[PDB]
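First the structure, in the form of structure tokens, and then the observations on it.
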Amino acid sequence: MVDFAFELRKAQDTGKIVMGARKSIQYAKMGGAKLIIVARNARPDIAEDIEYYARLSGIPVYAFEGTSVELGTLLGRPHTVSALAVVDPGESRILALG
């Protein structure tokens with residue numbers, strides 16, 4: 001079983017993650033993310049856009065069971081994060097969530 005918070009942080013530290021709806025959609029759109037993570041309270045249209053662009057490319061989407069406040073904190077930020085994209089997992093097992 002995958003340790004979300006550990007592996008998310010491990011991927012943030014040893015790989016490449018981009019944060020926020022805009023960059024998530026962008027990396028989804030262009031085929032450059034290997035995984036998209038979305039907080040439970042992402043704006044419904046932003047969540048549906050991600051889902052859409054993700055399904056176009058066959059990129060898995062993971063629904064973080066938690067708010068954008070919790071997700072932002074997990075990524076070490078003092079502000080909300082409604083979505084993020086794992087471009088490079090580094091040494092982490094985060095892509096196993098897919």
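Numbering starts fresh at 1 for the residues of each chain in the structure tokens, the chains themselves are lettered A, B, ... in the order given, and ligands are numbered from 1 as they appear.
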What's the 10 Å shell around range 24-38 of chain A, counting only C-alpha atoms, without same-chain residues fewer than 2 positions away, as a ChimeraX atom specification? /A:8,16-22,40-43,46-47,49-68,71,81-89,94-98
Can you pull out every residue from chain A that DSSP, working from the backbone, puts in strand (DSSP E or B), and format the result as a JSON list (two decimals) with N, CA, C and O atoms, in the first residue's frame?
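part_34.json, freshly written:
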```
[["chain", "number", "residue", "atom", "x", "y", "z"],
["A", 16, "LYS", "N", 9.97, 15.82, -10.36],
["A", 16, "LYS", "CA", 9.37, 17.09, -10.77],
["A", 16, "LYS", "C", 7.85, 17.07, -10.72],
["A", 16, "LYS", "O", 7.20, 16.28, -11.39],
["A", 17, "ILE", "N", 7.31, 17.96, -9.89],
["A", 17, "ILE", "CA", 5.88, 18.17, -9.74],
["A", 17, "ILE", "C", 5.57, 19.62, -10.12],
["A", 17, "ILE", "O", 6.32, 20.52, -9.77],
["A", 18, "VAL", "N", 4.48, 19.84, -10.84],
["A", 18, "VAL", "CA", 4.01, 21.19, -11.09],
["A", 18, "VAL", "C", 2.66, 21.37, -10.41],
["A", 18, "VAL", "O", 1.80, 20.47, -10.44],
["A", 19, "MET", "N", 2.48, 22.54, -9.81],
["A", 19, "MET", "CA", 1.33, 22.76, -8.96],
["A", 19, "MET", "C", 0.31, 23.73, -9.57],
["A", 19, "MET", "O", 0.66, 24.68, -10.26],
["A", 35, "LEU", "N", 0.86, 11.62, -14.09],
["A", 35, "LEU", "CA", -0.22, 11.49, -13.11],
["A", 35, "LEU", "C", -0.75, 12.88, -12.72],
["A", 35, "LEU", "O", 0.02, 13.81, -12.49],
["A", 36, "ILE", "N", -2.06, 13.00, -12.64],
["A", 36, "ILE", "CA", -2.66, 14.20, -12.10],
["A", 36, "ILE", "C", -3.38, 13.89, -10.79],
["A", 36, "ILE", "O", -4.09, 12.89, -10.67],
["A", 37, "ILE", "N", -3.14, 14.75, -9.80],
["A", 37, "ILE", "CA", -3.78, 14.64, -8.49],
["A", 37, "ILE", "C", -4.70, 15.85, -8.30],
["A", 37, "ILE", "O", -4.29, 16.98, -8.54],
["A", 38, "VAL", "N", -5.94, 15.59, -7.89],
["A", 38, "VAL", "CA", -6.94, 16.65, -7.71],
["A", 38, "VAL", "C", -7.58, 16.58, -6.32],
["A", 38, "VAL", "O", -8.02, 15.51, -5.88],
["A", 39, "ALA", "N", -7.63, 17.71, -5.62],
["A", 39, "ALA", "CA", -8.26, 17.76, -4.30],
["A", 39, "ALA", "C", -9.77, 17.60, -4.44],
["A", 39, "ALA", "O", -10.34, 17.90, -5.49],
["A", 61, "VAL", "N", -5.69, 9.84, -13.33],
["A", 61, "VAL", "CA", -6.05, 10.91, -12.39],
["A", 61, "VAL", "C", -6.36, 10.32, -11.03],
["A", 61, "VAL", "O", -7.09, 9.33, -10.93],
["A", 62, "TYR", "N", -5.79, 10.92, -9.99],
["A", 62, "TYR", "CA", -5.98, 10.44, -8.64],
["A", 62, "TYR", "C", -6.72, 11.48, -7.82],
["A", 62, "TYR", "O", -6.32, 12.64, -7.76],
["A", 63, "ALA", "N", -7.82, 11.04, -7.22],
["A", 63, "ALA", "CA", -8.68, 11.89, -6.42],
["A", 63, "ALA", "C", -8.21, 11.83, -4.98],
["A", 63, "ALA", "O", -8.50, 10.88, -4.26],
["A", 64, "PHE", "N", -7.46, 12.84, -4.58],
["A", 64, "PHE", "CA", -7.01, 12.98, -3.21],
["A", 64, "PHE", "C", -8.23, 13.16, -2.30],
["A", 64, "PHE", "O", -9.02, 14.09, -2.48],
["A", 83, "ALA", "N", -5.00, 21.15, -7.43],
["A", 83, "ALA", "CA", -4.51, 20.10, -8.33],
["A", 83, "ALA", "C", -3.00, 20.22, -8.55],
["A", 83, "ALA", "O", -2.40, 21.29, -8.38],
["A", 84, "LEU", "N", -2.38, 19.12, -8.96],
["A", 84, "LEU", "CA", -0.96, 19.10, -9.26],
["A", 84, "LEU", "C", -0.69, 17.98, -10.26],
["A", 84, "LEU", "O", -1.50, 17.06, -10.40],
["A", 85, "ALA", "N", 0.44, 18.05, -10.94],
["A", 85, "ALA", "CA", 0.79, 17.02, -11.91],
["A", 85, "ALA", "C", 2.20, 16.50, -11.66],
["A", 85, "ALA", "O", 3.13, 17.29, -11.53],
["A", 86, "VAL", "N", 2.33, 15.18, -11.59],
["A", 86, "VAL", "CA", 3.63, 14.53, -11.45],
["A", 86, "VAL", "C", 4.25, 14.36, -12.84],
["A", 86, "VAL", "O", 3.82, 13.52, -13.61],
["A", 87, "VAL", "N", 5.24, 15.18, -13.15],
["A", 87, "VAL", "CA", 5.95, 15.11, -14.43],
["A", 87, "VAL", "C", 7.00, 14.00, -14.39],
["A", 87, "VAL", "O", 7.14, 13.21, -15.33],
["A", 88, "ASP", "N", 7.71, 13.94, -13.27],
["A", 88, "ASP", "CA", 8.77, 12.97, -13.05],
["A", 88, "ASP", "C", 8.69, 12.55, -11.59],
["A", 88, "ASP", "O", 8.83, 13.38, -10.69]]
```
Quick check for you: according to DSSP on this backbone, which residues of chain A are classed as helix (DSSP H, G or I)? Reply as a PyMOL selection string. chain A and resi 4-14+21-29+44-57+68-74+94-97
